[PDB]
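Okay, so here's the structure we're looking at.
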Amino acid sequence: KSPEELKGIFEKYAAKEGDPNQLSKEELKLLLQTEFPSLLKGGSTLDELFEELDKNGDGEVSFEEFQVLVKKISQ
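The sequence shown runs 1024 to 1098 under my numbering.
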């Protein structure tokens, strides 16, 4: 992965729902399962993770909010 690849996959997935800039809980779950099947679990539920990421509580994880996911997987 890399910022470019992450943005690419993010956008590619996102595009099927909400808006290319925003991964819905569903689209997020699809991405997560594809890219990070293990890490997505970690020690929390999809709901908890989703909430943690979408701090803004708009309904989707924006590319901005997704940086938290990037940070988590990096760490």
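Virtual Cβ for every residue (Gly too), placed ideally from N, Cα, C.
With DSSP as the reference, label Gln1045 as helix, strand or coil.
strand
Inspect the beta-carbon positions of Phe1086 and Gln1045 and report whether they are closer than 9 Å.
yes
Buried or exposed (CB count within 10 angstroms, at least 16 for buried), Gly1041
buried
DSSP three-state assignment for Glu1034, whether helix, strand or coil:
helix
Straight-line gap, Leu1076 to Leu1054 (C-alpha atoms, nearest Å):
14 Å
Please list, in chain order, all residues of the same chain as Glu1034 whose beta carbon is under 7 Å from its beta carbon, the five residues on each side excluded.
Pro1043
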